[PDB]
Structure formats: structure tokens, C-alpha cells
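Text of input-v8.tsv, listed as TSV, C-alpha atoms and all ligand atoms:
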chain	number	residue	atom	x	y	z
A	1	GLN	CA	117.63	105.43	101.71
A	2	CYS	CA	117.98	101.75	102.62
A	3	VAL	CA	120.53	99.53	104.29
A	4	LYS	CA	121.33	96.06	102.93
A	5	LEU	CA	120.67	93.34	105.52
A	6	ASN	CA	122.97	90.34	105.94
A	7	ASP	CA	120.46	88.13	104.12
A	8	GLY	CA	120.41	90.37	101.05
A	9	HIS	CA	117.10	92.15	101.62
A	10	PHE	CA	116.84	95.93	102.14
A	11	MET	CA	115.49	97.91	105.08
A	12	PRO	CA	114.46	101.59	104.91
A	13	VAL	CA	116.56	103.45	107.49
A	14	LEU	CA	113.53	105.42	108.74
A	15	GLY	CA	110.61	103.42	110.19
A	16	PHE	CA	107.15	104.36	111.45
A	17	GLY	CA	106.28	103.29	114.99
A	18	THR	CA	102.71	102.08	115.42
A	19	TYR	CA	102.24	101.32	119.11
A	20	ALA	CA	99.63	103.41	120.88
A	21	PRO	CA	98.26	102.82	124.40
A	22	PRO	CA	94.89	101.02	124.77
A	23	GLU	CA	93.08	104.29	125.44
A	24	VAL	CA	93.71	105.28	121.81
A	25	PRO	CA	90.88	104.00	119.58
A	26	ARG	CA	92.04	101.31	117.13
A	27	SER	CA	90.69	103.37	114.23
A	28	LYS	CA	93.55	105.83	114.74
A	29	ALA	CA	96.20	103.26	113.83
A	30	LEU	CA	94.43	102.83	110.50
A	31	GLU	CA	94.24	106.58	109.92
A	32	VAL	CA	97.80	107.44	110.97
A	33	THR	CA	99.39	104.55	109.08
A	34	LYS	CA	97.77	105.90	105.92
A	35	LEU	CA	99.19	109.35	106.77
A	36	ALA	CA	102.66	107.91	107.34
A	37	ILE	CA	102.66	106.17	103.97
A	38	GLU	CA	101.32	109.37	102.41
A	39	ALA	CA	104.14	111.34	104.07
A	40	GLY	CA	106.75	108.93	102.72
A	41	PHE	CA	107.23	106.24	105.37
A	42	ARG	CA	107.76	102.80	103.81
A	43	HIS	CA	109.14	100.89	106.81
A	44	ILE	CA	106.27	100.17	109.22
A	45	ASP	CA	106.84	98.58	112.66
A	46	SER	CA	104.09	96.59	114.34
A	47	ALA	CA	103.70	93.52	116.55
A	48	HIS	CA	101.15	91.03	117.86
A	49	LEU	CA	101.51	92.87	121.17
A	50	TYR	CA	100.27	96.14	119.73
A	51	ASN	CA	96.74	94.92	119.01
A	52	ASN	CA	96.80	96.86	115.74
A	53	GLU	CA	98.04	94.53	113.03
A	54	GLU	CA	94.54	94.40	111.51
A	55	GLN	CA	94.45	98.21	111.26
A	56	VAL	CA	98.04	98.59	110.04
A	57	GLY	CA	97.48	95.87	107.43
A	58	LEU	CA	94.32	97.62	106.25
A	59	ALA	CA	96.13	100.94	105.88
A	60	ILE	CA	98.69	99.17	103.69
A	61	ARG	CA	95.98	97.39	101.69
A	62	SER	CA	94.26	100.72	101.20
A	63	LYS	CA	97.39	102.50	99.95
A	64	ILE	CA	98.21	99.72	97.50
A	65	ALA	CA	94.67	99.78	96.10
A	66	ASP	CA	94.64	103.53	95.40
A	67	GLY	CA	98.00	103.15	93.66
A	68	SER	CA	100.17	105.09	96.13
A	69	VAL	CA	102.50	102.15	96.74
A	70	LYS	CA	103.02	98.51	95.79
A	71	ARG	CA	103.45	95.73	98.35
A	72	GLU	CA	107.14	95.44	97.49
A	73	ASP	CA	107.57	99.13	98.32
A	74	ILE	CA	106.43	98.52	101.89
A	75	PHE	CA	108.71	97.07	104.59
A	76	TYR	CA	106.41	95.58	107.22
A	77	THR	CA	107.65	94.30	110.58
A	78	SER	CA	105.82	92.06	113.00
A	79	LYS	CA	107.07	90.46	116.19
A	80	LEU	CA	106.65	87.15	117.96
A	81	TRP	CA	105.12	87.79	121.38
A	82	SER	CA	106.73	86.24	124.47
A	83	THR	CA	103.90	83.78	125.17
A	84	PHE	CA	104.74	82.12	121.84
A	85	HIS	CA	108.42	81.29	122.36
A	86	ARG	CA	107.91	77.55	122.42
A	87	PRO	CA	109.08	76.41	118.97
A	88	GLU	CA	105.77	74.80	118.03
A	89	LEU	CA	103.93	78.09	118.60
A	90	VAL	CA	106.12	80.25	116.36
A	91	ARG	CA	104.66	79.51	112.92
A	92	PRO	CA	101.00	79.59	113.98
A	93	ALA	CA	101.72	82.93	115.70
A	94	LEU	CA	103.18	84.34	112.48
A	95	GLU	CA	100.31	82.94	110.41
A	96	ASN	CA	97.85	84.62	112.74
A	97	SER	CA	99.67	87.95	112.37
A	98	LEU	CA	99.56	87.50	108.59
A	99	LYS	CA	95.86	86.67	108.66
A	100	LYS	CA	95.19	89.69	110.86
A	101	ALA	CA	97.10	92.10	108.63
A	102	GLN	CA	95.77	90.32	105.53
A	103	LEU	CA	99.32	89.99	104.23
A	104	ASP	CA	101.08	87.11	102.49
A	105	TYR	CA	104.39	87.74	104.25
A	106	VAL	CA	106.06	90.12	106.68
A	107	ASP	CA	109.29	91.74	105.57
A	108	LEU	CA	110.75	91.19	109.01
A	109	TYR	CA	109.74	89.00	111.93
A	110	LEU	CA	111.31	89.55	115.33
A	111	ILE	CA	111.44	87.80	118.64
A	112	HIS	CA	109.88	90.71	120.56
A	113	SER	CA	111.75	89.95	123.78
A	114	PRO	CA	113.98	87.27	125.28
A	115	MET	CA	111.77	87.28	128.38
A	116	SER	CA	109.61	84.19	127.73
A	117	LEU	CA	106.13	84.00	129.21
A	118	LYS	CA	103.73	81.15	129.91
A	119	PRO	CA	101.77	80.15	126.77
A	120	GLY	CA	98.19	81.38	127.03
A	121	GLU	CA	95.35	83.55	125.77
A	122	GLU	CA	96.38	86.68	127.69
A	123	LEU	CA	99.38	88.74	126.59
A	124	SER	CA	100.46	88.94	130.20
A	125	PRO	CA	99.11	85.92	132.14
A	126	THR	CA	99.19	86.40	135.91
A	127	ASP	CA	99.14	83.90	138.76
A	128	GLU	CA	96.94	83.81	141.85
A	129	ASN	CA	99.10	86.55	143.40
A	130	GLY	CA	98.85	88.70	140.28
A	131	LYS	CA	102.48	88.27	139.20
A	132	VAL	CA	103.07	87.76	135.46
A	133	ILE	CA	103.99	84.12	134.81
A	134	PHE	CA	107.41	83.48	133.27
A	135	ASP	CA	108.38	80.49	131.14
A	136	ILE	CA	111.74	78.87	130.50
A	137	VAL	CA	112.58	78.39	126.83
A	138	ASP	CA	115.86	77.83	125.04
A	139	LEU	CA	115.77	80.80	122.65
A	140	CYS	CA	117.92	78.89	120.17
A	141	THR	CA	114.98	76.57	119.62
A	142	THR	CA	112.73	79.58	119.14
A	143	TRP	CA	115.28	80.88	116.65
A	144	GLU	CA	115.33	77.57	114.79
A	145	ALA	CA	111.57	77.95	114.39
A	146	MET	CA	112.11	81.51	113.16
A	147	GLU	CA	114.55	80.24	110.54
A	148	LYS	CA	111.85	77.84	109.36
A	149	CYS	CA	109.44	80.78	108.95
A	150	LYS	CA	111.91	82.48	106.60
A	151	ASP	CA	112.30	79.26	104.61
A	152	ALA	CA	108.52	78.95	104.54
A	153	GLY	CA	108.51	82.35	102.84
A	154	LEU	CA	106.27	83.82	105.56
A	155	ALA	CA	109.01	86.22	106.71
A	156	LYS	CA	111.51	87.71	104.28
A	157	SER	CA	113.96	88.38	107.11
A	158	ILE	CA	114.18	87.47	110.78
A	159	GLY	CA	115.75	89.30	113.70
A	160	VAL	CA	115.48	89.89	117.43
A	161	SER	CA	114.45	92.64	119.82
A	162	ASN	CA	115.60	93.60	123.33
A	163	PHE	CA	118.54	91.17	123.24
A	164	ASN	CA	121.81	92.10	124.93
A	165	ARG	CA	125.24	91.13	123.62
A	166	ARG	CA	125.27	87.84	125.57
A	167	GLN	CA	121.89	86.77	124.21
A	168	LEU	CA	122.84	87.75	120.65
A	169	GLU	CA	126.02	85.64	120.93
A	170	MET	CA	124.04	82.64	122.17
A	171	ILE	CA	122.28	82.74	118.79
A	172	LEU	CA	125.33	83.55	116.68
A	173	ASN	CA	127.23	80.64	118.23
A	174	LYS	CA	124.36	78.16	117.96
A	175	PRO	CA	125.47	74.86	116.38
A	176	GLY	CA	124.16	74.63	112.82
A	177	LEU	CA	122.88	78.20	112.71
A	178	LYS	CA	121.36	78.89	109.30
A	179	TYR	CA	120.43	82.59	109.47
A	180	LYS	CA	121.99	85.31	111.60
A	181	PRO	CA	119.44	87.81	112.90
A	182	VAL	CA	119.50	90.72	110.41
A	183	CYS	CA	118.92	93.12	113.29
A	184	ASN	CA	118.46	93.76	116.99
A	185	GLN	CA	115.72	96.25	117.80
A	186	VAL	CA	116.46	97.91	121.15
A	187	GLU	CA	115.83	101.08	123.15
A	188	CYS	CA	118.25	103.65	121.79
A	189	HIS	CA	118.45	107.44	122.14
A	190	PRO	CA	120.95	110.05	123.34
A	191	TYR	CA	120.36	109.15	127.02
A	192	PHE	CA	121.04	105.46	126.28
A	193	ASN	CA	123.01	105.37	123.05
A	194	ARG	CA	124.02	101.69	123.19
A	195	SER	CA	127.39	102.50	121.57
A	196	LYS	CA	129.05	99.28	122.79
A	197	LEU	CA	126.18	97.09	121.64
A	198	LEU	CA	126.08	99.05	118.37
A	199	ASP	CA	129.77	98.33	117.79
A	200	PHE	CA	129.25	94.63	118.43
A	201	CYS	CA	126.26	94.52	116.08
A	202	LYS	CA	128.29	96.22	113.36
A	203	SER	CA	131.10	93.66	113.72
A	204	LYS	CA	128.57	90.89	113.10
A	205	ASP	CA	126.76	92.64	110.24
A	206	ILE	CA	123.63	92.99	112.37
A	207	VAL	CA	121.61	96.20	112.14
A	208	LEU	CA	120.77	98.03	115.34
A	209	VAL	CA	117.20	99.36	115.12
A	210	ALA	CA	116.44	102.18	117.58
A	211	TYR	CA	113.17	102.55	119.43
A	212	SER	CA	112.12	105.25	121.87
A	213	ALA	CA	114.47	107.33	119.72
A	214	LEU	CA	112.37	110.38	120.67
A	215	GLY	CA	112.40	109.56	124.39
A	216	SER	CA	109.45	107.13	124.49
A	217	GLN	CA	105.76	107.77	125.00
A	218	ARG	CA	106.42	107.93	128.76
A	219	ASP	CA	103.59	105.48	129.55
A	220	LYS	CA	103.01	105.45	133.33
A	221	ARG	CA	102.92	101.65	133.31
A	222	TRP	CA	106.68	101.53	132.71
A	223	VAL	CA	108.19	104.99	132.67
A	224	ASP	CA	109.10	107.00	135.75
A	225	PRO	CA	107.30	110.34	135.23
A	226	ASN	CA	110.30	111.94	136.90
A	227	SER	CA	112.72	110.65	134.28
A	228	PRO	CA	114.22	113.49	132.22
A	229	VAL	CA	112.29	114.47	129.07
A	230	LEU	CA	114.59	113.64	126.16
A	231	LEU	CA	113.29	116.31	123.78
A	232	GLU	CA	113.77	118.94	126.49
A	233	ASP	CA	117.51	118.27	126.65
A	234	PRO	CA	119.39	121.60	126.49
A	235	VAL	CA	122.07	120.21	124.18
A	236	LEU	CA	119.49	118.78	121.78
A	237	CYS	CA	117.49	122.01	121.91
A	238	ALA	CA	120.61	124.10	121.29
A	239	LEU	CA	121.42	121.93	118.27
A	240	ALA	CA	117.84	122.29	117.03
A	241	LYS	CA	118.19	126.09	117.06
A	242	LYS	CA	121.55	125.92	115.29
A	243	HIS	CA	120.23	123.78	112.43
A	244	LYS	CA	116.79	125.38	112.54
A	245	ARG	CA	115.12	121.99	112.92
A	246	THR	CA	113.43	120.39	115.93
A	247	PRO	CA	114.83	118.43	118.87
A	248	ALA	CA	113.01	115.40	117.46
A	249	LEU	CA	114.76	115.77	114.10
A	250	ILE	CA	118.09	116.17	115.88
A	251	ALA	CA	117.40	112.90	117.71
A	252	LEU	CA	116.46	110.98	114.56
A	253	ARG	CA	119.35	112.36	112.49
A	254	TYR	CA	121.79	111.40	115.24
A	255	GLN	CA	120.83	107.77	114.76
A	256	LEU	CA	121.00	107.91	110.96
A	257	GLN	CA	124.57	109.20	111.00
A	258	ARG	CA	125.66	106.53	113.53
A	259	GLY	CA	124.58	103.85	111.07
A	260	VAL	CA	121.52	103.00	113.15
A	261	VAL	CA	118.05	102.39	111.70
A	262	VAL	CA	115.61	104.63	113.55
A	263	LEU	CA	111.92	104.26	114.36
A	264	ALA	CA	109.59	107.18	115.10
A	265	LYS	CA	106.05	106.88	116.44
A	266	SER	CA	103.64	109.74	115.88
A	267	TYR	CA	99.85	109.74	115.68
A	268	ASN	CA	99.92	113.40	114.66
A	269	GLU	CA	99.82	114.26	110.97
A	270	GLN	CA	102.12	117.26	111.18
A	271	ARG	CA	104.72	115.54	113.35
A	272	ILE	CA	104.55	112.50	111.07
A	273	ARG	CA	105.28	114.78	108.11
A	274	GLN	CA	107.98	116.59	110.08
A	275	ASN	CA	109.77	113.34	110.86
A	276	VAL	CA	110.44	112.52	107.20
A	277	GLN	CA	112.46	115.77	107.02
A	278	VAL	CA	115.28	113.88	108.75
A	279	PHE	CA	116.80	113.30	105.30
A	280	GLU	CA	117.00	117.06	104.65
A	281	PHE	CA	120.00	118.06	106.79
A	282	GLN	CA	123.29	116.83	108.29
A	283	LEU	CA	124.76	117.07	111.77
A	284	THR	CA	128.46	117.92	111.94
A	285	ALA	CA	130.95	115.37	113.25
A	286	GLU	CA	131.33	117.73	116.20
A	287	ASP	CA	127.56	117.77	116.69
A	288	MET	CA	127.68	113.97	116.77
A	289	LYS	CA	130.35	113.84	119.48
A	290	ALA	CA	128.37	116.38	121.48
A	291	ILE	CA	125.31	114.12	121.43
A	292	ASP	CA	127.43	111.06	122.28
A	293	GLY	CA	128.26	112.88	125.51
A	294	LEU	CA	124.62	112.86	126.62
A	295	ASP	CA	124.54	109.15	127.45
A	296	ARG	CA	123.14	108.51	130.93
A	297	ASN	CA	122.65	104.74	130.65
A	298	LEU	CA	118.95	105.54	131.04
A	299	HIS	CA	116.35	103.07	129.80
A	300	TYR	CA	112.93	104.70	130.01
A	301	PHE	CA	111.20	101.32	130.31
A	302	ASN	CA	111.30	99.85	133.82
A	303	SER	CA	109.72	96.82	135.46
A	304	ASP	CA	110.48	95.70	139.00
A	305	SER	CA	108.93	92.31	138.23
A	306	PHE	CA	110.73	91.56	134.98
A	307	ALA	CA	113.99	92.82	136.41
A	308	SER	CA	114.07	89.37	138.01
A	309	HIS	CA	113.43	87.48	134.78
A	310	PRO	CA	116.39	85.19	134.04
A	311	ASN	CA	116.47	86.74	130.55
A	312	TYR	CA	116.08	90.38	131.60
A	313	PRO	CA	118.29	92.22	129.07
A	314	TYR	CA	119.65	94.96	131.33
A	315	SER	CA	121.58	92.60	133.63
B	401	LIG	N1	110.70	96.25	120.54
B	401	LIG	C1	110.22	96.93	121.60
B	401	LIG	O1	110.16	96.42	122.69
B	401	LIG	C2	109.72	98.31	121.42
B	401	LIG	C3	109.56	99.16	122.52
B	401	LIG	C4	109.10	100.45	122.30
B	401	LIG	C5	108.82	100.84	121.00
B	401	LIG	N2	108.99	100.02	119.98
B	401	LIG	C6	108.64	100.48	118.62
B	401	LIG	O2	109.23	101.78	118.35
B	401	LIG	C7	108.18	102.75	118.09
B	401	LIG	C8	108.59	104.13	118.62
B	401	LIG	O3	109.16	104.05	119.93
B	401	LIG	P1	108.16	104.74	121.00
B	401	LIG	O4	106.76	104.08	120.97
B	401	LIG	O5	108.72	104.48	122.41
B	401	LIG	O6	107.81	106.29	120.71
B	401	LIG	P2	108.91	107.37	120.21
B	401	LIG	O7	109.40	107.07	118.71
B	401	LIG	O8	110.07	107.49	121.12
B	401	LIG	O9	108.06	108.73	120.11
B	401	LIG	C9	107.66	109.14	121.42
B	401	LIG	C10	106.72	110.34	121.28
B	401	LIG	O10	107.34	111.30	120.41
B	401	LIG	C11	106.28	112.12	119.87
B	401	LIG	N3	106.77	112.68	118.62
B	401	LIG	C12	106.92	112.04	117.42
B	401	LIG	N4	107.43	112.87	116.55
B	401	LIG	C13	107.64	114.08	117.14
B	401	LIG	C14	108.15	115.32	116.71
B	401	LIG	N5	108.58	115.50	115.41
B	401	LIG	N6	108.21	116.31	117.59
B	401	LIG	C15	107.81	116.15	118.85
B	401	LIG	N7	107.33	115.01	119.29
B	401	LIG	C16	107.23	113.96	118.47
B	401	LIG	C17	105.04	111.19	119.70
B	401	LIG	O11	103.88	111.85	120.22
B	401	LIG	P3	102.72	112.03	119.08
B	401	LIG	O12	102.12	110.72	118.74
B	401	LIG	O13	101.61	112.98	119.74
B	401	LIG	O14	103.30	112.73	117.76
B	401	LIG	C18	105.43	109.93	120.55
B	401	LIG	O15	104.44	109.55	121.51
B	401	LIG	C19	106.94	102.18	118.80
B	401	LIG	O16	105.74	102.70	118.24
B	401	LIG	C20	107.11	100.68	118.47
B	401	LIG	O17	106.69	100.46	117.12
B	401	LIG	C21	109.42	98.79	120.15
B	402	LIG	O1	99.75	93.06	128.75
B	402	LIG	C1	99.72	94.02	128.01
B	402	LIG	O2	98.51	94.39	127.53
B	402	LIG	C2	100.88	94.68	127.67
B	402	LIG	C3	100.85	95.65	126.73
B	402	LIG	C4	101.99	96.27	126.38
B	402	LIG	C5	103.16	95.92	126.94
B	402	LIG	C6	103.25	94.96	127.88
B	402	LIG	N1	104.45	94.74	128.31
B	402	LIG	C7	105.64	94.47	127.88
B	402	LIG	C8	105.89	94.30	126.57
B	402	LIG	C9	107.11	93.98	126.09
B	402	LIG	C10	108.18	93.79	126.89
B	402	LIG	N2	109.24	93.44	126.30
B	402	LIG	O3	110.35	92.94	126.80
B	402	LIG	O4	109.38	93.49	124.99
B	402	LIG	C11	107.95	93.94	128.23
B	402	LIG	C12	108.96	93.76	129.12
B	402	LIG	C13	108.81	93.90	130.44
B	402	LIG	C14	107.61	94.22	130.91
B	402	LIG	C15	106.59	94.41	130.06
B	402	LIG	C16	106.71	94.27	128.71
B	402	LIG	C17	102.08	94.35	128.21
B	403	LIG	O1	107.06	97.17	121.75
B	403	LIG	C1	106.48	98.22	122.37
B	403	LIG	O2	106.19	99.19	121.69
B	403	LIG	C2	106.25	98.26	123.73
B	403	LIG	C3	105.15	98.88	124.20
B	403	LIG	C4	104.97	98.97	125.53
B	403	LIG	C5	105.87	98.44	126.38
B	403	LIG	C6	106.99	97.80	125.96
B	403	LIG	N1	107.77	97.41	126.92
B	403	LIG	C7	108.99	97.06	127.15
B	403	LIG	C8	109.84	96.67	126.18
B	403	LIG	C9	111.10	96.27	126.42
B	403	LIG	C10	111.63	96.24	127.66
B	403	LIG	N2	112.81	95.79	127.76
B	403	LIG	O3	113.33	95.08	128.72
B	403	LIG	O4	113.76	95.95	126.86
B	403	LIG	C11	110.80	96.64	128.67
B	403	LIG	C12	111.24	96.64	129.96
B	403	LIG	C13	110.48	97.02	130.99
B	403	LIG	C14	109.22	97.41	130.76
B	403	LIG	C15	108.76	97.41	129.49
B	403	LIG	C16	109.51	97.04	128.42
B	403	LIG	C17	107.14	97.73	124.61

Just give me the structure as C-alpha cells.
Amino acid sequence: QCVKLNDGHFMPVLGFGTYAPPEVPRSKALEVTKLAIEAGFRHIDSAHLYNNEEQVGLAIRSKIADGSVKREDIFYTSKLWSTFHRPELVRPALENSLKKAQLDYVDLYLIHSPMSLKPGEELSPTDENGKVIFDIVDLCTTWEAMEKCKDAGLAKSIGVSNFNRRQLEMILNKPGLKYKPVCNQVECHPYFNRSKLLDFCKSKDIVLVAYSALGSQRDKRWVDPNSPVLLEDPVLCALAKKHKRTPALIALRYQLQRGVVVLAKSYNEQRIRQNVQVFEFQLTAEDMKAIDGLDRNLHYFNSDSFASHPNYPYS
């Protein structure tokens, strides 16, 4: 179950999400990534931001060594963090990710966010008033550097994350563009289904990759605790009963049948193994329309500060 990217490579339509909050011991990422591979996940989504590339890379190393998978069976994603947007920082950033994960190449490298930050040691550098320090970078120059990483063989494919239509077009229309992004990884679930952006992406042969497909981890740093719980949605729950699956599986299957590539983070063995069952059933066309009706234009992630970033994706 793969989709062919616009550069010829193939991406598994179901991906394993690896981010866990800092309070989760780093050893867990190692353990759960092994479980995901064991359960059948082949697409694995990580990032410099996640402070887990070492552990995810080790899980992969481990599963290749015991003969469970070969490197070419694994689709590994990393992401360029926002403090490394300046073109001269892009390759060293990728090389550091590769060294961390002890990998020769990533299958996919993304610009994590269009919201550039001041270069520095910290992920989120703050000024004397404690506000995170923004940077101004022409993302086309960052993209040019990304294209060079694909030519350098360090990334099989390159894409973007958290771009809106405008920002995507700024890349697609860049003079002398060599590689279109193969994808745009964005927040996508029944309360924020991104149908318009999805249509655009399809027209450009760019894959939309859904995150927070299960309603996010509801981290207090960014998510209003009073936001509605996605997996408690009555319509989703009613559909779960009908198909005798779970609301989570309803949510993941929704994306698959819309031609969206869907991520799913779980650090629980049984939920990890449940999630692969997404390939076991179909939603009806009428089920699909029903779920389309849930859209509330609701992004779980909020940030008063970044809402003012010139490149804030949500207008
Ligand atoms: N590019 C970006 O900016 C961005 C932003 C957010 C996420 N992502 C990527 O997308 C991945 C997933 O998105 P997400 O982190 O927001 O989490 P998510 O996929 O929306 O999952 C949210 C929660 O669902 C629970 N869950 C998983 N399977 C379940 C099931 N079958 N039944 C019930 N609950 C279930 C998990 O809890 P348990 O762990 O206890 O199972 C998890 O904390 C992330 O790990 C990251 O790799 C990227
Ligand atoms: O500093 C940390 O340890 C730390 C850790 C995790 C996340 C963030 N924050 C963010 C990550 C990514 C995006 N993003 O656009 O992709 C963000 C956008 C707005 C606000 C925060 C973001 C910071
Ligand atoms: O990659 C992760 O797993 C990850 C983990 C934690 C936080 C974020 N944060 C965010 C990503 C993207 C946007 N965004 O503008 O699209 C955000 C906006 C506001 C606050 C946080 C954001 C991403």
C-alpha cells in the first residue's frame, strides 16, 4: 500500500508518528519504534525537533540486524528545523540528523515549518523579554538548498510541512525550480479536513500527509484543553459501532480513502497494532460524506506568539 511520489519514489500510505513530549523517557521512542516495525509500520516520521532521531534510528538499525526488514523496506522522514532555514545551514542540519540516526540517507526531508527562527543552539531561542526570536528567510533559497540535498543523495525525496496554498505556490512558481515538493505535511482530521488545500495539492501532484489525524496529543503548551476531543465525536463513534472498529480506525481510514497519506502516533503496543488494521475495512461513500460534514476549521495547535509570524500558515 504505497503512493508514487512525483519524483518516482514510493511512500507507504500509513506512517508511524514518533513525537512524544519531553516527560516521556527517550528510551520509549526506541522501544515503540521497534513495536511499530514489528506491527507492520514501514513509514516512520521523525524530525530534529523531536529529540529522538538517535532512538528511532537505533530501532531501525536493530530491526534490520535481526532480519525483520531491510533498509530499503523502511521509509524514514526527517525534517529541517526552523532555526536552520538559512541555505548554508540546510545540509549540515541534514548531515547531523543522519549522523544521529546512523543512517546514510533519509527517504524524505521536509522543511518542518515556514516560520523561520533565529539560527542558534536552542530550538526556540528567546529574547530578553522571553519572546521566541523570528528570522526572515526567503524560503525559495531554503528550498534550493533542499534540492541540493536530494542531488547529494542525502534525501531521496524532499517536501514541506505546515505550508498553506500561497506558500506552496511560491515554491512551485520559483524561477528555475528543479524539484517540486513531493508532499505537504499538515494538520488534517475530520475537524479540519483541509479539503481545499487537498484539492490544490492533488492538482499539482503533491501528496497531502495528515498529522494529528487522531485529534493530536492535546499538549497543554499548544492545545486548548477545552477543544473538542476528536475521538469522542458522536458521528465518528456511531461509525465505529457500525463497522465494529474504533473511532481511531474510522479517522485513519477516512484519510486513506480521500487519497491522503496518514500518520498515527502511539506509544502503546496494542494501539500501535490496532492502527495497522486500517487496511482491513472500507468506509462507504456515504460514510465519507458524513465525515466531510464534521469540518469545523479547527486546528488543535495554537500559538498567540507565532500567530504574528509573517509566515504563519493559518492567515
Ligand atoms: N509537521 C508537524 O508540524 C507535525 C505536527 C504534529 C505531528 N506531526 C507528526 O504526526 C504524528 C502524529 O500526530 P500527533 O502527534 O499530533 O498524534 P496523533 O496521531 O493525532 O495521535 C494522538 C493520540 O492518539 C492516541 N492514539 C493512537 N492510536 C490510537 C487508537 N487506535 N485508539 C485510541 N487512541 C489512539 C495516542 O495516544 P497513545 O500514545 O497513548 O496510543 C496519541 O497521543 C506526530 O507524532 C509527528 O510525527 C507533525
Ligand atoms: O522548543 C521546543 O522544545 C519545542 C518543542 C516542540 C515544539 C515546539 N514548537 C513548535 C514546533 C513546530 C512548529 N511548527 O510550525 O512546525 C511550531 C509552531 C508554532 C509554535 C511552536 C512550534 C518547540
Ligand atoms: O512536529 C510535531 O510533532 C510537533 C510537536 C509539537 C508541536 C508542534 N507544533 C506546531 C506545529 C505546527 C503548527 N502550525 O502552525 O502548523 C503549530 C502552530 C502552533 C503551535 C504549534 C504548532 C509540532

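Of note, atom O11 of ligand LIG 401 (chain B) and atom CA of residue 184 of chain A are spaced 23.5 Å apart.
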
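When all atoms listed in the file are used to measure the gap to residue 234 of chain A, the shortest distance among A:39, A:74, A:115, A:291 belongs to A:291.
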
Quiz item: Neighbours of segment 89-96 of chain A within 10 Å (only C-alpha atoms; same-chain residues fewer than 6 positions away dropped), as a PyMOL selection string?
Solution: chain A and resi 48+53+78-81+83+102-106+109+111+119+142-146+148-149+152+154-155

Please return the centre and edge lengths, in Å to one decimal, of a box with edges along x, y and z that contains all listed atoms of segment 186-193 of chain A, widened by 5 Å on every side, as JSON.
{"center_x": 119.4, "center_y": 104.0, "center_z": 124.1, "size_x": 17.2, "size_y": 22.1, "size_z": 15.9}

Quiz item: Neighbours of residue 163 of chain A within 8 Å (all atoms listed in the file; same-chain residues fewer than 4 positions away dropped), as a ChimeraX atom specification?
Solution: /A:113-114,167-168,184-186,313

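Each residue with an atom within 8 Å of any atom of ligand LIG 402 (chain B) appears in the list, which was built counting only C-alpha atoms and all ligand atoms: residues 21, 49, 50, 81, 82, 112, 113, 114, 115, 122, 123, 124, 125, 161, 162, 222, 301, 302, 303, 305, 306, 307 and 312 of chain A.
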
Practice problem: Would you list the residues that come within 8 Å of ligand LIG 401 (chain B)? Count all atoms listed in the file and give the answer as a PyMOL selection string. | Solution: chain A and resi 16-20+44-47+112-113+161-162+185-187+210-218+231+246-249+263-272+274-275

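For the pair atom CA of residue 67 of chain A and atom CA of residue 26 of chain A, the separation is 24.3 Å.
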
Quiz item: Do you know which residues are at most 9 Å from residue 58 of chain A counting only C-alpha atoms, after dropping those on the same chain fewer than 3 positions away, and could you put them as a PyMOL selection string?
Solution: chain A and resi 30+34+53-55+61-63+101-102
